[PDB]
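**Q** fold the following for me, if possible:
(chains A and B)
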Amino acid sequence: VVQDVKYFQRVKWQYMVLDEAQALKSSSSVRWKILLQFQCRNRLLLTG
DNA sequence: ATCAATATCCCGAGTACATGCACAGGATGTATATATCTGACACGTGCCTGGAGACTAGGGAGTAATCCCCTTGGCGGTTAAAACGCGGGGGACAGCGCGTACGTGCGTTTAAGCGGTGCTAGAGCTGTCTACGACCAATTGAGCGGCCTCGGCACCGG
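**A** Numbering: from 1, shown residues only, chains lettered A, B, ... in the order given. Shown next is the protein structure:
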């Protein structure tokens, strides 16, 4: 997703769920910023 | 936006070696005639180059974002240029002789002709079988992440 973020940017997304988000704990990482940059009205998580 | 100091061009005169023409001649260009095979002309032939159809898809044409190489401008250091004096070797004339071109004589050596015959060439279908297509598992390398240790600033102590 981070590498190919440009491909996802041109496509609109009705819903987004990012399972196993326990990795998304460091805001200094590129993953955090890239995930934040997506334009989606609703965000859902299933991280345990 | 000019005046001195050089350098160059123009013209005239004394001078000379090289151009241009005539002469004697000799050997190569020319006219005549013969032999003859190389190439013009005709014929058939069948290889293959040109035309069109349909389908696949690799490749080209069009667009957009952008980071990079291109170009302009500015400055410091120095490598070459311009002109002076100093110094040596290029440049201009006679004497030898050993090379190069003719002349003469000889024989070795290729061209030519005619049988003889292995021998390279072409299409034969021959069969293998390397090498071009497709797929797949090896290492190499960079972009990332987690954690630990070190160092600076704000807070409390004497």
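**Q** who touches the residue most central in space within chain A in this structure?
**A** With distances taken as Cα atoms, centre = their mean, the residue of chain A nearest its centroid is residue A:35 (3.1 Å). Contacts for residue A:35 (Cβ atoms under 8 Å, 6 or more residues apart in numbering) come out as A:1, A:18, A:24. The C-beta positions use only the backbone N, C-alpha and C, and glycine is treated the same way.
**Q** which parts of chain A sit against DNA strand B?
**A** Chain A has residues A:2, A:23, A:25, A:26, A:29, A:30, A:31 near DNA strand B, with proximity defined as Cβ under 7 Å from any atom of the strand.
**Q** taking chain A, what residue is nearest to DNA strand B?
**A** Across chain A, no residue is closer to DNA strand B than residue A:29, which sits at 3.3 Å (Cβ to the nearest atom of the strand).
**Q** give me the number of neighbouring residues for that residue.
**A** The local packing count at residue A:29 equals 13, with neighbours defined by other Cβ atoms under 10 Å.
**Q** circling back: give me the element the residue nearest to the centre of chain A is part of.
**A** Take DSSP states H and E as the rule and residue A:35 turns out to sit in helix A:30-36.
**Q** after that helix, which helix or strand is next?
**A** strand A:43-44.
**Q** show me what that following strand is packed up against.
**A** For strand A:43-44, the contact count by 3 or more Cβ pairs under 8 Å, 6 or more residues apart in numbering; DSSP states H and E identifies strand A:16-17 as packing neighbours.
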